[PDB]
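Participant: My structure is below; once you've seen it, I'll send some questions.
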Amino acid sequence: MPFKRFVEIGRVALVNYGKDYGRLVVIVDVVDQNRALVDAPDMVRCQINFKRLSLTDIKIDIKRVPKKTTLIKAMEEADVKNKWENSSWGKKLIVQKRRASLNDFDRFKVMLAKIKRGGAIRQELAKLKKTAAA
Amino acid sequence: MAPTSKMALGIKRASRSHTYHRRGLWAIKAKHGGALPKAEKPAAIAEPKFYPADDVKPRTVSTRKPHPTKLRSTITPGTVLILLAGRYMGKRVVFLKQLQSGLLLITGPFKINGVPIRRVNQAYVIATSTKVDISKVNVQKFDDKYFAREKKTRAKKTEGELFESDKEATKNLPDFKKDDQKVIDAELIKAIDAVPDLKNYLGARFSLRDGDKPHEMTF
Amino acid sequence: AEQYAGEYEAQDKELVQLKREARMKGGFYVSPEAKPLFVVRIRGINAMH
Amino acid sequence: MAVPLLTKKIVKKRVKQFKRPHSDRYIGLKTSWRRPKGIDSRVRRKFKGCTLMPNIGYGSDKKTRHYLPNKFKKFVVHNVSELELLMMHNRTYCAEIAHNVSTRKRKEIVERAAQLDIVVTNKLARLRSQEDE
Amino acid sequence: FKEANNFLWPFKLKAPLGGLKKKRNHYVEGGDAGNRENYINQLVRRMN
Amino acid sequence: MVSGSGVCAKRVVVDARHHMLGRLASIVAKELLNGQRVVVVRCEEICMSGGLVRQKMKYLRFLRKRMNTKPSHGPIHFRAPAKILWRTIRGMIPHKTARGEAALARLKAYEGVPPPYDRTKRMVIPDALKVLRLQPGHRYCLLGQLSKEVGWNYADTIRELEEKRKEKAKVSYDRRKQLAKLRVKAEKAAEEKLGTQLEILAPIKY
Amino acid sequence: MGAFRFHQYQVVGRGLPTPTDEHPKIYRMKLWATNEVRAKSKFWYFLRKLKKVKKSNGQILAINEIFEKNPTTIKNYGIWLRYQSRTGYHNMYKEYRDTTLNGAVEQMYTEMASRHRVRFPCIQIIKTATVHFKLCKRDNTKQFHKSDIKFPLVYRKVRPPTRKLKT
Amino acid sequence: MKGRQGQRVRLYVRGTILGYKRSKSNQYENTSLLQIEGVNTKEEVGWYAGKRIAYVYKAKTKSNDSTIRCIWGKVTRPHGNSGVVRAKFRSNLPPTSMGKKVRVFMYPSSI
RNA sequence: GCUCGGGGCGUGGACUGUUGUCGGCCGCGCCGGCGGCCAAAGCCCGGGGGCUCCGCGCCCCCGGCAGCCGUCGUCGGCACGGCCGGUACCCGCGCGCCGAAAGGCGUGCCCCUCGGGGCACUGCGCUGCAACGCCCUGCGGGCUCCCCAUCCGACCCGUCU
RNA sequence: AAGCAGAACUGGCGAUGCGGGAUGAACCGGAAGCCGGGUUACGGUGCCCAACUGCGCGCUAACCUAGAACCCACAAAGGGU
RNA sequence: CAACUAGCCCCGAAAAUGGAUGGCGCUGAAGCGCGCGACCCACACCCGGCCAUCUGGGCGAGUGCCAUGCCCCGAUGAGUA
């Protein structure tokens, strides 16, 4: 399936390589089933060839005429959703970054501790099922 | 490039100062230099050869320089270290001081975790973001000369005597070091317990799981 | 070397802007070359006249 | 000077060992190197794996030439008179007792050699000649 | 200063880092060979 | 991106379900050389892209070349999907050396499912015919549609294949339901233990 | 584009001849090149083939680059294009939708490579002239953007998105 | 014991010796190519330069009263896009080791 | 006064293998600056035009502007490692003082005139530093065959050609 | 017509391995002391087989021979809604 | 709607020991054309160590003697008849 293709402004996309390596973008103008003109609010625009970049579920409502500034206004109106997106809602990459930066002494010590508390929960639950069984 | 620039575009600015200080005395080692020293009555053969003297002096200074800076990445006294090599490797330990040898004094408190006083190399170590406060610890007693491991000269005693085989060639525990270690360790424990759960953490060990990347892991 | 380019920066003004949207060029002024060369041998002595 | 040159010679080795081609399957054809005269030999054409040929470049450092691995220069010593020449060198030269010399005459060579302090291999050769493993 | 040429006699350049452009073509066709002022200095700074 | 499937410290079980025959064979062969112990399961259900006609004729001409001027002693064609797969790996791997013979011996082919491997076999990073295709991309032809036209081993296999799938399907679903249920009450039981602080940092580490 | 793609070069020159009151001027066909290396040879060749001057009597004043024309967005480069196949050079007029001059080269180069089988000894173009979205006349690529730029038809076939998957 | 801590028997991140440095035609055993497990890219394998390598093996014979023997080495520089690395050893590793796991330590740490 | 041995004290030397380091050579990844290419994408403000003539919108140009860009050139900074060697006559360097240490400590001159900088000013002597094992108990090792790995294997050589 | 017979120029083989062309005396790359370390050529990078199942943009669906690297292991007139 | 242009695929294209893009196999290729990076890679190239040969030095004033010696150079080294 050669990603989402269309004729319309406003569909958000998520990285599968570019430069940038973070970045979420919206398609401001549309130019065949490969190329797209992508921009993001405080970030430099590029019209770029993307056989292998795929577009996410969430769409933001924006119109024709795309400055740099117009995009920012739409982002302010939206906002909110972006926070959720990182964890779960299409993207998943941004939350994955956090895992890597979490093996750093204090962070690692805390991380191991979470699992230990979880260990106890599994035992407690298992007892309830076990009594019912036998 | 940046440290070496002063010397490079000077040539011998430091070494110029020393001659002029000597000359501040008046008139001196120009005259003394020709007269100065020994020679003429040889040994063995030609005596074509080598050292003591002159040569030793720059070499000792140069070997001192890697001990901070080059090896170090940056590390202040009381940084928590990971020993990646050495015997005690995988233990997280607290940094007491840097020796003249360039090896590091460390000590994990003996009771909680097995690490003794010990010398370890700087090169092995990963510098972690944690610091434990070594404000009022007497690290002073332990020095470079403190760490001489006795050789298998003879018996440990005064010398000149017929001896017995019950020496420790590659090892030696002085009794004095064991007494001293307890005192220094006591102060460290106070700092360690101040931040919670650090005490258990040191003994546990860090190692890289399958799928873990040492490059991404960097503390 | 830099002042040669700076001289033509000052004098010329017809070269740069419009000409991308057109072909040919007009007049004004010309920068000379005067260059020795360096020659490095890419290809061996095998199989050549 | 002398010491790193010794290290280079002993550790590196061009103990390639120059075996004649088809020495393995013809017994009478000698182990000793002789140069393939014919064009048709692969060894002549310098194919690798066919046993590389002796050349000067394989050669060791000039100082380390004809030296025992101790860094002593080996000299086969026939009799007592020749020991006096070795005495001048001491460290540099070694004494090794000749094949021709019989057991009684070996003993006088050893005791004199001890005085020179060129004990190495001289004593060892003699000890076997007595009776010893 | 054609006698401030009067060279050593060969500069023994290194083989280029990042390699050559193909040997079988001239400069125009994406080969290396022949005249080019800009890209000769680039090449010589690989041949350090 | 990063390959989640391939060489593993210990964890090599390979799904062949709707994989590409030669794509799978190539990567599996590399793993065998690397010293991994690869168990390919669902061997008959692997697909070869292209129209039936050109896939079939490839094997058909090989059968003719096996067929005549006869001793025995070598020229051979495999009738079975499992042994066609084995032959493919025996073309990838140097089949003229003891190391490659050993690597070949670390390959196992199981049809349907082995006696219960209750760990699922999981897909190799985009190996599959299904996805690599936009849907279509013309036809594909199964090994099990090729091998029925070549003779026995498939003919006995096909009846047996069905039976294994039905039995394991039932059990696998029922354990899934109970396993899922544990997680539902887990979040309630993380609150219940007074509360938690460290563990609510954990969904920020998804 | 990054690590070029083949920038079109606004190549400046003369036609250096004799201390006489006459002189030819420079003439240009605007050529895609890699930098200086590709540019110099074709610059001589255009003059030499058409009019003849020489190569030594061809003088290169400067080479000047290109900076963003079309502001990233789309405008319809009218190209007349010559491809060498089985004989000499054959006509083509492709007027297409494109980003900018880098990309414009790419789109023509791939069409030549595939269809007409083409490498460097084929020549470039004849002229490049942009035109407006409604005005541009031929077909395929241009139509999809044309219908969007004056809208009402932005809002047509918006249904493939989420339905690429299933919904 | 001393040098002992609180768990991980596997002290190292894993690696594999695929082969030696090679053409299609020939090998040079002097340099060995190791593909290091979990190392996807050229950038990541750049970390591994300077690290110590051990090939630990067991043998029928005892030595200094131990059947376990080891050959040590060091990582020289990276090789290729896939996270392969170049390595030298004090004495060359046995080429039967093609397809074996070998151990790449953290031991001298640049970080 | 010396020498052999013993007594008494201090320094620590025995093949070979290992690890730390200084210097040289080479690779390695990453970060930063300036200029070129009238500089301008760019954004806010302002003005006019075209196209669209269904209007949004699209385009184009010009003046003020955070801004950051692809390519060319150059300089600047880091972080690591391989290999070789330990520099055996001018490579490097010490010779008064303090400072575990590294390191710094004269003076004049001039630029900066702040922080600091550059620039001048004596002669001799001389080229390897830290550590571990053991030398004997015991053992590193060398060499041959074999097995496994790997490879040119144009059949082995000669001759004719 | 010929891997043919005979000239002209030049390079090779003969006097040439090594690397490449699966394999090949002559083609391609390059002339070769002995080694360590670096870096390339030719040619490659799915696996064999050292090395991107790398990115980009097209084309191809081949039941009467799918296609796949100069020399080179052949191939054409002519036909296809 | 018609006539063309030229890509790949199809036809034209039929041989004998069974068979060869070298093999396996490969269909958003691992195919075919092409671009862009990264990367792989000869006894080649570089740097260092080292051998002989050649070249240029140098050091005998005797009383350690190879002075056809010793020591410093740098470049070079395939090799049949």
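Every chain in the structure tokens has a letter given in the order shown (A, B, ...), and although residue numbers restart at 1 in each chain, ligands are simply numbered from 1 in the order shown.
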Contacts of stretch 63-76 of chain G at 6 Å or less, counting only C-alpha atoms (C1' of nucleotides), minus same-chain residues fewer than 6 places along, as a short mmCIF file (atom, residue, chain, number, x, y, z; two decimals) with N, CA, C and O atoms, in the first residue's frame?
Facilitator:
data_model
loop_
_atom_site.label_atom_id
_atom_site.label_comp_id
_atom_site.auth_asym_id
_atom_site.auth_seq_id
_atom_site.Cartn_x
_atom_site.Cartn_y
_atom_site.Cartn_z
N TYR G 9 22.56 26.19 -14.45
CA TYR G 9 23.57 27.19 -14.25
C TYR G 9 23.37 28.25 -15.26
O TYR G 9 23.20 28.00 -16.46
N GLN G 10 23.35 29.49 -14.73
CA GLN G 10 23.26 30.73 -15.44
C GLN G 10 24.70 31.08 -15.77
O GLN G 10 25.41 31.66 -14.96
N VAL G 11 25.17 30.67 -16.98
CA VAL G 11 26.59 30.66 -17.27
C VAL G 11 26.88 31.91 -18.06
O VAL G 11 26.26 32.18 -19.09
N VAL G 12 27.84 32.69 -17.52
CA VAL G 12 28.21 34.01 -17.95
C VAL G 12 29.39 33.86 -18.87
O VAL G 12 30.27 33.05 -18.60
N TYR G 96 5.33 20.22 -17.39
CA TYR G 96 5.11 19.43 -16.20
C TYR G 96 5.10 20.32 -14.99
O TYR G 96 5.57 21.46 -15.01
N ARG G 97 4.54 19.76 -13.90
CA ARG G 97 4.46 20.31 -12.57
C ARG G 97 5.75 19.97 -11.86
O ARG G 97 6.21 18.83 -11.95
N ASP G 98 6.37 20.95 -11.15
CA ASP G 98 7.61 20.69 -10.47
C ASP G 98 7.84 21.69 -9.37
O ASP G 98 7.25 22.77 -9.35
N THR G 99 8.74 21.31 -8.43
CA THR G 99 9.24 22.06 -7.30
C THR G 99 9.97 23.31 -7.75
O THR G 99 9.55 24.43 -7.46
N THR G 130 8.20 28.82 -17.63
CA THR G 130 7.05 28.75 -16.74
C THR G 130 5.75 29.28 -17.32
O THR G 130 5.76 30.11 -18.23
N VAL G 131 4.60 28.81 -16.78
CA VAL G 131 3.30 29.29 -17.19
C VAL G 131 2.37 29.02 -16.02
O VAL G 131 2.75 28.35 -15.06
#
Participant: Against chain A, which residues of chain J fall within 12 Å? For each one I want the closest pair of atoms and the distance in Å (one decimal), counting only C-alpha atoms (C1' of nucleotides), rows by chain and increasing residue number, as a tab-separated table.
Facilitator:
residue	atom	partner	partner_atom	distance
J:54	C1'	A:17	CA	11.6
J:55	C1'	A:52	CA	9.1
J:56	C1'	A:49	CA	7.6
J:57	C1'	A:49	CA	9.3
Participant: Please find the residues of chain D near chain K - the criterion being any atom within 8 Å, counting only C-alpha atoms (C1' of nucleotides) - and write them as a PDB file with C-alpha atoms, in the first residue's frame.
Facilitator:
ATOM      1  CA  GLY D  38      61.409 -23.976 -16.761  1.00  0.00           C
ATOM      2  CA  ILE D  39      58.829 -21.340 -17.690  1.00  0.00           C
ATOM      3  CA  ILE D  56      66.988 -11.270  -0.250  1.00  0.00           C
ATOM      4  CA  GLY D  57      64.081  -9.188   1.112  1.00  0.00           C
ATOM      5  CA  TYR D  58      63.059 -12.122   3.363  1.00  0.00           C
ATOM      6  CA  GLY D  59      66.486 -11.591   4.999  1.00  0.00           C
ATOM      7  CA  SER D  60      66.860 -10.426   8.593  1.00  0.00           C
ATOM      8  CA  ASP D  61      68.491  -7.324  10.103  1.00  0.00           C
TER       9      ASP D  61
END
Participant: Neighbouring residues of residue A:124 were defined as those with any atom within 12 Å, considering only C-alpha atoms (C1' of nucleotides); residues of the same chain fewer than 3 positions away were excluded. Please report them as a JSON list (two decimals) with N, CA, C and O atoms, in the first residue's frame.
Facilitator:
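Produced file part27.json, reproduced below:
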[["chain", "number", "residue", "atom", "x", "y", "z"],
["A", 117, "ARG", "N", 8.00, -3.39, 42.19],
["A", 117, "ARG", "CA", 6.67, -3.12, 42.69],
["A", 117, "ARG", "C", 5.64, -3.88, 41.90],
["A", 117, "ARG", "O", 4.69, -4.40, 42.48],
["A", 118, "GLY", "N", 5.84, -3.98, 40.56],
["A", 118, "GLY", "CA", 5.02, -4.73, 39.64],
["A", 118, "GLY", "C", 5.01, -6.21, 39.91],
["A", 118, "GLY", "O", 3.99, -6.88, 39.70],
["A", 119, "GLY", "N", 6.16, -6.76, 40.36],
["A", 119, "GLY", "CA", 6.37, -8.14, 40.76],
["A", 119, "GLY", "C", 5.38, -8.60, 41.80],
["A", 119, "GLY", "O", 4.80, -9.67, 41.68],
["A", 120, "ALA", "N", 5.19, -7.75, 42.84],
["A", 120, "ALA", "CA", 4.29, -7.97, 43.94],
["A", 120, "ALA", "C", 2.85, -8.07, 43.49],
["A", 120, "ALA", "O", 2.12, -8.92, 43.99],
["A", 121, "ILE", "N", 2.44, -7.20, 42.53],
["A", 121, "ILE", "CA", 1.09, -7.14, 42.00],
["A", 121, "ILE", "C", 0.71, -8.44, 41.36],
["A", 121, "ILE", "O", -0.38, -8.95, 41.59],
["A", 127, "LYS", "N", -2.99, -15.36, 43.23],
["A", 127, "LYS", "CA", -3.64, -15.97, 44.37],
["A", 127, "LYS", "C", -5.14, -16.05, 44.22],
["A", 127, "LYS", "O", -5.73, -17.06, 44.56],
["A", 128, "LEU", "N", -5.78, -14.97, 43.72],
["A", 128, "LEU", "CA", -7.21, -14.88, 43.55],
["A", 128, "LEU", "C", -7.73, -15.89, 42.56],
["A", 128, "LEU", "O", -8.76, -16.53, 42.78],
["A", 129, "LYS", "N", -7.01, -16.05, 41.43],
["A", 129, "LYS", "CA", -7.29, -17.01, 40.39],
["A", 129, "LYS", "C", -7.05, -18.43, 40.86],
["A", 129, "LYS", "O", -7.80, -19.34, 40.52],
["A", 130, "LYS", "N", -5.96, -18.63, 41.64],
["A", 130, "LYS", "CA", -5.48, -19.91, 42.11],
["A", 130, "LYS", "C", -6.44, -20.55, 43.08],
["A", 130, "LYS", "O", -6.67, -21.76, 43.01],
["A", 131, "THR", "N", -7.03, -19.75, 44.00],
["A", 131, "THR", "CA", -8.01, -20.18, 44.97],
["A", 131, "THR", "C", -9.27, -20.67, 44.30],
["A", 131, "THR", "O", -9.84, -21.69, 44.71],
["F", 182, "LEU", "N", -5.76, -10.69, 33.19],
["F", 182, "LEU", "CA", -4.80, -10.38, 34.24],
["F", 182, "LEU", "C", -4.37, -8.94, 34.18],
["F", 182, "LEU", "O", -4.30, -8.26, 35.20],
["F", 185, "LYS", "N", -7.04, -6.16, 35.45],
["F", 185, "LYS", "CA", -7.13, -6.00, 36.88],
["F", 185, "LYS", "C", -5.82, -5.56, 37.48],
["F", 185, "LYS", "O", -5.76, -5.22, 38.66],
["F", 186, "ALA", "N", -4.72, -5.53, 36.67],
["F", 186, "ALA", "CA", -3.40, -5.14, 37.11],
["F", 186, "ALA", "C", -3.30, -3.68, 37.43],
["F", 186, "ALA", "O", -2.66, -3.31, 38.42],
["F", 188, "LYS", "N", -5.82, -1.70, 38.33],
["F", 188, "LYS", "CA", -6.62, -1.53, 39.53],
["F", 188, "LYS", "C", -5.82, -1.91, 40.75],
["F", 188, "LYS", "O", -5.99, -1.31, 41.81],
["F", 189, "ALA", "N", -4.93, -2.91, 40.62],
["F", 189, "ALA", "CA", -4.18, -3.50, 41.71],
["F", 189, "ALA", "C", -2.84, -2.84, 41.87],
["F", 189, "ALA", "O", -2.02, -3.29, 42.67],
["F", 190, "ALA", "N", -2.60, -1.73, 41.13],
["F", 190, "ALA", "CA", -1.41, -0.92, 41.24],
["F", 190, "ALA", "C", -1.80, 0.33, 41.98],
["F", 190, "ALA", "O", -0.98, 0.96, 42.65],
["F", 192, "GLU", "N", -4.42, -0.01, 44.17],
["F", 192, "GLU", "CA", -4.94, -0.62, 45.37],
["F", 192, "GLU", "C", -3.93, -0.71, 46.48],
["F", 192, "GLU", "O", -4.27, -0.47, 47.64],
["F", 193, "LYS", "N", -2.67, -1.07, 46.13],
["F", 193, "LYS", "CA", -1.50, -1.10, 46.99],
["F", 193, "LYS", "C", -1.04, 0.26, 47.48],
["F", 193, "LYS", "O", 0.13, 0.61, 47.32]]
Participant: Could you please tell me, as a PyMOL selection string, which residues of chain H have an atom within 12 Å of chain F when using only C-alpha atoms?
Facilitator: chain H and resi 10+13-19+34-41+82-83+95-102
Participant: Please identify the strand (DSSP E) residues within chain G (assignment by DSSP from backbone atoms) and present them as number ranges by chain.
Facilitator: G: 8-13, 31-32, 60-64, 78-84, 89-95, 125-129
Participant: Hey, can you spit out that residue selection with C-alpha atoms as a PDB file, in the first residue's frame?
Facilitator:
ATOM      1  CA  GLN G   8      20.769  24.698 -13.814  1.00  0.00           C
ATOM      2  CA  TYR G   9      23.571  27.186 -14.248  1.00  0.00           C
ATOM      3  CA  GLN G  10      23.265  30.732 -15.440  1.00  0.00           C
ATOM      4  CA  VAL G  11      26.587  30.661 -17.273  1.00  0.00           C
ATOM      5  CA  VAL G  12      28.205  34.015 -17.955  1.00  0.00           C
ATOM      6  CA  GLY G  13      30.649  34.529 -20.814  1.00  0.00           C
ATOM      7  CA  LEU G  31      22.132  23.957 -19.151  1.00  0.00           C
ATOM      8  CA  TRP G  32      22.008  21.594 -16.206  1.00  0.00           C
ATOM      9  CA  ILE G  60      34.014  32.277 -19.588  1.00  0.00           C
ATOM     10  CA  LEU G  61      33.346  35.419 -17.572  1.00  0.00           C
ATOM     11  CA  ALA G  62      31.833  33.752 -14.524  1.00  0.00           C
ATOM     12  CA  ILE G  63      29.473  30.966 -13.551  1.00  0.00           C
ATOM     13  CA  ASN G  64      26.483  32.069 -11.489  1.00  0.00           C
ATOM     14  CA  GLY G  78       7.477  24.432 -20.388  1.00  0.00           C
ATOM     15  CA  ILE G  79      10.328  22.393 -21.829  1.00  0.00           C
ATOM     16  CA  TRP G  80      11.084  21.441 -25.401  1.00  0.00           C
ATOM     17  CA  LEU G  81      13.458  18.535 -25.112  1.00  0.00           C
ATOM     18  CA  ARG G  82      15.737  16.582 -27.410  1.00  0.00           C
ATOM     19  CA  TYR G  83      16.636  12.929 -27.008  1.00  0.00           C
ATOM     20  CA  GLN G  84      19.020  10.991 -29.252  1.00  0.00           C
ATOM     21  CA  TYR G  89      17.516  14.039 -32.167  1.00  0.00           C
ATOM     22  CA  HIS G  90      13.752  13.830 -31.883  1.00  0.00           C
ATOM     23  CA  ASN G  91      11.218  16.386 -30.667  1.00  0.00           C
ATOM     24  CA  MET G  92       9.382  16.247 -27.372  1.00  0.00           C
ATOM     25  CA  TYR G  93       7.454  18.916 -25.537  1.00  0.00           C
ATOM     26  CA  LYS G  94       6.778  18.011 -21.930  1.00  0.00           C
ATOM     27  CA  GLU G  95       5.211  20.705 -19.763  1.00  0.00           C
ATOM     28  CA  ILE G 125      16.708  21.400 -23.607  1.00  0.00           C
ATOM     29  CA  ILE G 126      15.904  24.265 -25.948  1.00  0.00           C
ATOM     30  CA  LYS G 127      14.104  26.690 -23.649  1.00  0.00           C
ATOM     31  CA  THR G 128      12.450  26.828 -20.227  1.00  0.00           C
ATOM     32  CA  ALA G 129       9.360  28.992 -19.779  1.00  0.00           C
TER      33      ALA G 129
END
Participant: Go through chain I and flag each residue having an atom no more than 10 Å from chain C; for those, report the closest pair of atoms plus their distance in Å to one decimal, using only C-alpha atoms (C1' of nucleotides), ordered by chain and rising number, as JSON lines.
Facilitator:
{"residue": "I:35", "atom": "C1'", "partner": "C:2", "partner_atom": "CA", "distance": 9.5}
{"residue": "I:36", "atom": "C1'", "partner": "C:2", "partner_atom": "CA", "distance": 8.9}
{"residue": "I:37", "atom": "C1'", "partner": "C:16", "partner_atom": "CA", "distance": 9.8}
{"residue": "I:38", "atom": "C1'", "partner": "C:13", "partner_atom": "CA", "distance": 6.5}
Participant: Output C-alpha atoms (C1' of nucleotides) for every residue in that selection, as a PDB file, in the first residue's frame.
Facilitator:
ATOM      1  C1'   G I  35      33.600  34.927   4.011  1.00  0.00           C
ATOM      2  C1'   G I  36      32.029  33.829  -0.903  1.00  0.00           C
ATOM      3  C1'   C I  37      27.476  33.092  -4.293  1.00  0.00           C
ATOM      4  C1'   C I  38      24.392  42.028  -5.544  1.00  0.00           C
TER       5        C I  38
END
Participant: Output the contact residues of chain A with respect to chain G at a cut-off of 8 Å, based on only C-alpha atoms, as a ChimeraX atom specification.
Facilitator: /A:1,3-9,29-32,37,46-47,57
Participant: Would you mind exporting C-alpha atoms of the selected residues as an mmCIF file, in the first residue's frame?
Facilitator:
data_model
loop_
_atom_site.group_PDB
_atom_site.id
_atom_site.type_symbol
_atom_site.label_atom_id
_atom_site.label_comp_id
_atom_site.auth_asym_id
_atom_site.auth_seq_id
_atom_site.Cartn_x
_atom_site.Cartn_y
_atom_site.Cartn_z
ATOM 1 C CA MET A 1 0.000 0.000 0.000
ATOM 2 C CA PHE A 3 0.820 5.280 1.800
ATOM 3 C CA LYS A 4 -1.943 7.910 1.975
ATOM 4 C CA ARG A 5 -2.461 9.807 -1.272
ATOM 5 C CA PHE A 6 -5.050 12.353 -2.152
ATOM 6 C CA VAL A 7 -5.553 15.918 -3.164
ATOM 7 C CA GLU A 8 -6.057 17.745 0.144
ATOM 8 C CA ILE A 9 -4.289 19.931 2.690
ATOM 9 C CA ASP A 29 0.486 21.505 -0.771
ATOM 10 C CA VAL A 30 0.129 18.317 -2.772
ATOM 11 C CA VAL A 31 2.217 17.215 -5.693
ATOM 12 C CA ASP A 32 1.843 13.588 -6.877
ATOM 13 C CA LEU A 37 5.491 19.965 0.519
ATOM 14 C CA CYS A 46 11.125 21.288 2.210
ATOM 15 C CA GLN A 47 9.463 19.742 -0.829
ATOM 16 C CA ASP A 57 -4.267 8.841 11.344
#
Participant: Just the residues within 10 Å of residue J:36, please, counting only C-alpha atoms (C1' of nucleotides), with nothing from its chain fewer than 6 positions along; format it as a PDB file with C-alpha atoms (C1' of nucleotides), in the first residue's frame.
Facilitator:
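Below you can see part.pdb, which holds the result:
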ATOM      1  CA  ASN H  30      45.630 -10.660  10.051  1.00  0.00           C
TER       2      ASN H  30
ATOM      3  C1'   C I  83      50.334   0.400  14.280  1.00  0.00           C
ATOM      4  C1'   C I  84      55.427   1.385  15.051  1.00  0.00           C
TER       5        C I  84
ATOM      6  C1'   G K  48      56.784   3.058   9.401  1.00  0.00           C
ATOM      7  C1'   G K  49      60.129  -1.088  10.260  1.00  0.00           C
TER       8        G K  49
END
Participant: By how many Å are atom CA of residue B:149 and atom CA of residue B:104 apart?
Facilitator: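 We find that atom CA of residue B:149 and atom CA of residue B:104 lie 15.9 Å from each other.
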Participant: Under the rule of at most 8 Å, produce a per-residue listing of chain B near chain I: chain, number, name, the closest pair of atoms, and the distance in Å, as JSON lines, using only C-alpha atoms (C1' of nucleotides).
Facilitator:
{"residue": "B:2", "atom": "CA", "partner": "I:77", "partner_atom": "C1'", "distance": 7.8}
{"residue": "B:10", "atom": "CA", "partner": "I:118", "partner_atom": "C1'", "distance": 7.8}
{"residue": "B:17", "atom": "CA", "partner": "I:106", "partner_atom": "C1'", "distance": 6.4}
{"residue": "B:19", "atom": "CA", "partner": "I:122", "partner_atom": "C1'", "distance": 7.5}
{"residue": "B:20", "atom": "CA", "partner": "I:106", "partner_atom": "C1'", "distance": 5.4}
{"residue": "B:21", "atom": "CA", "partner": "I:106", "partner_atom": "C1'", "distance": 5.2}
{"residue": "B:22", "atom": "CA", "partner": "I:96", "partner_atom": "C1'", "distance": 6.0}
{"residue": "B:24", "atom": "CA", "partner": "I:106", "partner_atom": "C1'", "distance": 6.8}
{"residue": "B:29", "atom": "CA", "partner": "I:123", "partner_atom": "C1'", "distance": 6.6}
{"residue": "B:30", "atom": "CA", "partner": "I:123", "partner_atom": "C1'", "distance": 4.1}
{"residue": "B:31", "atom": "CA", "partner": "I:123", "partner_atom": "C1'", "distance": 7.0}
{"residue": "B:33", "atom": "CA", "partner": "I:124", "partner_atom": "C1'", "distance": 4.4}
{"residue": "B:34", "atom": "CA", "partner": "I:124", "partner_atom": "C1'", "distance": 5.3}
{"residue": "B:36", "atom": "CA", "partner": "I:124", "partner_atom": "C1'", "distance": 7.4}
{"residue": "B:49", "atom": "CA", "partner": "I:88", "partner_atom": "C1'", "distance": 6.4}
{"residue": "B:50", "atom": "CA", "partner": "I:127", "partner_atom": "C1'", "distance": 6.2}
{"residue": "B:51", "atom": "CA", "partner": "I:127", "partner_atom": "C1'", "distance": 5.9}
{"residue": "B:53", "atom": "CA", "partner": "I:126", "partner_atom": "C1'", "distance": 6.4}
{"residue": "B:54", "atom": "CA", "partner": "I:94", "partner_atom": "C1'", "distance": 5.2}
{"residue": "B:55", "atom": "CA", "partner": "I:127", "partner_atom": "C1'", "distance": 5.3}
{"residue": "B:57", "atom": "CA", "partner": "I:94", "partner_atom": "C1'", "distance": 6.1}
{"residue": "B:58", "atom": "CA", "partner": "I:93", "partner_atom": "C1'", "distance": 5.9}
{"residue": "B:59", "atom": "CA", "partner": "I:129", "partner_atom": "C1'", "distance": 6.6}
{"residue": "B:60", "atom": "CA", "partner": "I:129", "partner_atom": "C1'", "distance": 6.9}
{"residue": "B:62", "atom": "CA", "partner": "I:22", "partner_atom": "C1'", "distance": 6.5}
{"residue": "B:63", "atom": "CA", "partner": "I:21", "partner_atom": "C1'", "distance": 6.0}
{"residue": "B:64", "atom": "CA", "partner": "I:102", "partner_atom": "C1'", "distance": 7.0}
{"residue": "B:65", "atom": "CA", "partner": "I:102", "partner_atom": "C1'", "distance": 6.4}
{"residue": "B:66", "atom": "CA", "partner": "I:21", "partner_atom": "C1'", "distance": 8.0}
{"residue": "B:100", "atom": "CA", "partner": "I:101", "partner_atom": "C1'", "distance": 6.3}
{"residue": "B:101", "atom": "CA", "partner": "I:130", "partner_atom": "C1'", "distance": 7.6}
{"residue": "B:153", "atom": "CA", "partner": "I:12", "partner_atom": "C1'", "distance": 7.6}
{"residue": "B:158", "atom": "CA", "partner": "I:9", "partner_atom": "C1'", "distance": 7.7}
{"residue": "B:159", "atom": "CA", "partner": "I:9", "partner_atom": "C1'", "distance": 7.1}
{"residue": "B:160", "atom": "CA", "partner": "I:8", "partner_atom": "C1'", "distance": 7.0}
{"residue": "B:170", "atom": "CA", "partner": "I:132", "partner_atom": "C1'", "distance": 7.1}
